[PDB]
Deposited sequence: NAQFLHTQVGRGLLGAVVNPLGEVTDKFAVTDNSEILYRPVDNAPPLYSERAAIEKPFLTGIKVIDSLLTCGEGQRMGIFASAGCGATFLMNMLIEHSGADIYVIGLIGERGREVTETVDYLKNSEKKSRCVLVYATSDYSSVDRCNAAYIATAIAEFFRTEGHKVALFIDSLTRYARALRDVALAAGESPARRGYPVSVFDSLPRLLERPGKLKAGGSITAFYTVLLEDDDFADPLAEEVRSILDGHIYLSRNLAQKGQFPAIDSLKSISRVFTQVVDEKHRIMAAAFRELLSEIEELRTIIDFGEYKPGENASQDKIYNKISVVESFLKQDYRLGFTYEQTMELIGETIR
C-alpha cells in the first residue's frame, strides 16, 4: 500500500524511488504537497475520451507523418546510442504540455545527473518533475519509480492539466519486474494466479489517456532494442511506435527516425484531410527514394536514362533537409506543413 507525494510543490524537484525529494533543478512559488496511492486502477472505458486532439511535438517528421494525440501512448524503440534520450529532450522542449513528468529507471546516476543538468538549463524546468532509480537501488525500488512517476502524472491530470509522461526505459522496468517476480516465486514461464507480478506491466501502460472529467496524460515509453519478445508485446499494447534506426544514426541523420517503420495509430483521427493527403504523398516519395538507393547501390543508376529516377534523385537533398532537425530547434504545425509542402512540390 505504498503512497507517494504529489502536487504542484513537486514541480522542479527530483524524486527518489521512496517518493522523497532529494534534489531540485528549479524552485517555484507553490508548495502544495499531497499524498496518493502509487497503485491506481486504469480509467473505466466510460471515463476515457476519444483521442482526437493533436499532441504537437515541434518535431517536423513526427508532427507531419507520425502525429500524436492527447492521451496517446507512444513507444520509442531504439538500440543503444540511437539518440533516445535526446529525442526525449526534444519532445519535452518543443511540445506544449502543461506539465512534464519524467520517470528515469536507469543503471547509473551519471545518466540521471545528465537529465537533471538538462532540466536545470531547460525552459520547461518550472513545470517538470523527475523521478529516478539507478542500479544502486533494488528491483522493487526501480519498479516503484515507474509507479511514482505515473501517480504524480495522474494527480495533475485530475486537476485538468495536459500532462506528458516519459518512462525511460520500459526495458529496465521490465527487467526489474522479472526479478521482483522471482522474489514472489515467479518466472515468466510459470506465473502466479489470480495476480502475477508480470501483469504490472500492462496495468502500468493503461493508466495514461484523456479523461472526460479531467485533463490528459500523453505517455512516451522508451524500449531498448538489440527485438526481444518484450519489445513486440509492448508494441501491441501501445497506440503506435517511433523507431530509431542505428543505420540512419550512423549516416548522421538526426533524429534517426525511420518514419517508414514508425506509426501513430491515431494519425487519421487527429489531422485534417489536406494534411492526410500531403503525408501520404511524402511517404510515397520516401518509399521511392529508398528504392532508388538500392538501385544506386546495385550500380544500376546512370543519370539520363529514366526521367523519373532523376526526378527522385534530385529530391533526396530537400527530403533529407526536411527530416533532419537541430535538437535546439522547434517548429510550429504551420511551419511543418509549409515545409513538407515545398518538399513534395
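Missing from the model, relative to the deposited sequence, are the ranges 1-3, 230-233.
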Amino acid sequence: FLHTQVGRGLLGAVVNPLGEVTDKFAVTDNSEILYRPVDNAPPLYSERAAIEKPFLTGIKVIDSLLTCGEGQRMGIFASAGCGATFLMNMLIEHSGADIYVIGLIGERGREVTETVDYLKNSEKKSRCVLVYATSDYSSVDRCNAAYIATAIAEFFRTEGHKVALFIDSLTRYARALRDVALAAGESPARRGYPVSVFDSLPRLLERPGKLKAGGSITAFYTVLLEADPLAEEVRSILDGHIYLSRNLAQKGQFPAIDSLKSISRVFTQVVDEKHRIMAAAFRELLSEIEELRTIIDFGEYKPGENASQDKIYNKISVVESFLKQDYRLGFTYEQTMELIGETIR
From here on, numbers count along this sequence of modelled residues.
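Judged by mean Cα B factor in the deposited record, 107-115 ranks above the other of 252-260 and 107-115. Averaged over their C-alpha atoms, the temperature factors of 122-130 and 187-195 are higher for 187-195. Of the residues listed, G214, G209, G81, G75, the entry assigns the biggest Cα temperature factor to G81. Listed residues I242, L182, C143, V101 were ranked by CA B-factor as deposited; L182 comes out on top. Split the chain's modelled residues into thirds by C-alpha temperature factor. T171 is in the middle one.
Annotation for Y147: CA B-factor lies in the middle third of the chain's modelled residues. Ranked by Cα temperature factor within the chain, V163 sits in the lowest third according to the deposited record.
Per the deposited record, the Cα B-factor of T218 falls in the lowest third when ranked against the other modelled residues of its chain.
Sorting the modelled residues of the chain by their CA temperature factor places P17 in the middle third.
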